[PDB]
Amino acid sequence: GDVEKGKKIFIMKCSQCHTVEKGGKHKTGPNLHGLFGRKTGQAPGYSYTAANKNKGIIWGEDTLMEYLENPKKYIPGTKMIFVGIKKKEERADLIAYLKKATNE
Ligand code: HEC
């Protein structure tokens, strides 16, 4: 687990739909600049994953672990066809980077 390492993980995994370092602009993926502590459905000009929002799920560490293990199996609405996770180790390093920016 590291900080300068996870930075390349998210920046090389979900840095296309979730740009947490662009400019508060969220075109395809929801601006993950503060997903930690914020529930789904928040941006005004963005129909965030309406499903997740209704499920009443709070985006957190372990909570995001499940939704990420399967976004289509967990929330039947997301439009992100993310690939299934195959290395929980790298996932832990992911939350680490987002924890320094959106949780530190
Ligand atoms: C486009 C190719 C995406 C990639 C790659 C990833 N995500 Fe995504 N995500 C995407 C969209 C379009 C949306 C909005 C839902 C919809 O209806 O389209 C999302 C949403 C999420 C959320 C929910 C946040 C919220 O709505 O409040 C999470 C927690 C999320 N995405 C996580 C996530 C992670 C961890 C990714 C890399 C492992 C990832 N996404 C990639 C589009 C795309």
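Residues numbered from 1 in each chain as written, not as in the entry; some residues may be left out. Heavy atoms only, no water.

The deposited coordinates for this entry were obtained by solution NMR.

Spelled out, the test is: UniProt positions are given in the numbering used here, feature names are shortened, and annotations may be inferred rather than shown by experiment.
If you look the protein up in the PDB entry, it shows as Cytochrome c from Homo sapiens. The title field of the PDB entry reads "Solution Structure of Reduced Recombinant Human Cytochrome c". According to UniProt, the comment filed for the protein under the heading Subcellular location is "Mitochondrion intermembrane space". Check the Sequence similarities section of the UniProt entry for the protein; it says "Belongs to the cytochrome c family."

Here we look at the coordination of the iron atom of the ligand
Applicable threshold: Atoms of type N, O and S within 2.8 Å of a metal are treated as its donors, and for Na, K and Ca the window is 3.2 Å; water is not considered, so some sites may appear to be missing partners. A site with four donors is called tetrahedral when every donor-metal-donor angle falls between 85 and 135 degrees; four donors are called square planar, and six octahedral, when opposite donors sit more than 155 degrees apart and all other angles fall between 65 and 115; any other arrangement is irregular. Where helices and strands are cited, they refer to DSSP runs of H or I of at least four residues and of E of at least two residues respectively, numbered from the N terminus.
Of the protein atoms, only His18 (NE2) and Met80 (SD) coordinate the iron atom of the ligand, at distances of 2.0 to 2.4 Å. Here the iron atom of the ligand binds 6 donor atoms, and the angle range of 89 to 179° at the metal identifies the geometry as octahedral. One end of the pair, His18, is in the loop between α1 (3-13) and α2 (50-55); the other, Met80, is in the loop between α4 (71-74) and α5 (88-101), with 62 residues separating them in the sequence.

Some words on the side chain of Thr78
Heads up, the rule is: Classification of residues uses two cut-offs on accessible area relative to the type maximum, computed with a 1.4 Å probe and protein chains only: under 20% is buried, over 50% is exposed, and between them is partly exposed. In the analysis that follows, any N or O atom pair within 3.5 Å is treated as a polar contact, provided that within protein one partner can donate a hydrogen and the other can accept it, and provided that, for residues neighboring in sequence, both atoms belong to side chains. Contacts are residue-level and defined by heavy atoms, with any inter-residue pair within 4.5 Å sufficient.
Relative to the elements of secondary structure, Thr78 occurs in the loop between α4 and α5. Taking relative accessible area as the criterion, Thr78 reaches 15% and is therefore assigned buried. Only 2.6 Å separates the side chain of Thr78 from the side chain of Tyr67, close enough to count as a polar contact. A polar contact of 3.5 Å, which involves the side chain of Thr78, links it to the backbone nitrogen of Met80. Those residues in contact with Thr78 that lie beyond four places of it in its chain are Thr49, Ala51, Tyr67, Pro71 and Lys72.

Some remarks on empty space enclosed by the protein
Where empty space is left in the structure can be found by rolling a water-sized probe over the atoms. So the rule is basically this: Site definitions follow a grid-based scheme: protein atoms alone, a 1 Å grid, a 1.4 Å probe that fits but cannot get out for cavities, and for pockets an open set with protein on both sides within 12 Å along at least five of seven lines, plus lining residues having an atom within 4 Å of a point. Grid points are joined across faces, edges and corners, and a volume is the space filled by probe spheres set on the points. Here the term charged refers only to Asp, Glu, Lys and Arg, the term nonpolar to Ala, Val, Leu, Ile, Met, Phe, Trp, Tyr, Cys and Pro, and the term polar to all other amino acids, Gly among them.
Per the counting criterion, the structure on display carries 1 cavity of 30 Å³ or more. Within this model, the largest cavity holds a volume of roughly 60 Å³. If you trace the largest cavity, you find it lined by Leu64, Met65, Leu68, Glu69, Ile85, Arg91, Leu94 and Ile95. Of all the secondary structure elements, the ones that give two or more residues to the lining of the largest cavity are α3 (61-69) and α5. Broken down by element, the lining of the largest cavity gets its largest block of residues, 4 residues, from α3. Along the lines of polarity and charge, the residues of the lining of the largest cavity split into 6 nonpolar, no polar and 2 charged.

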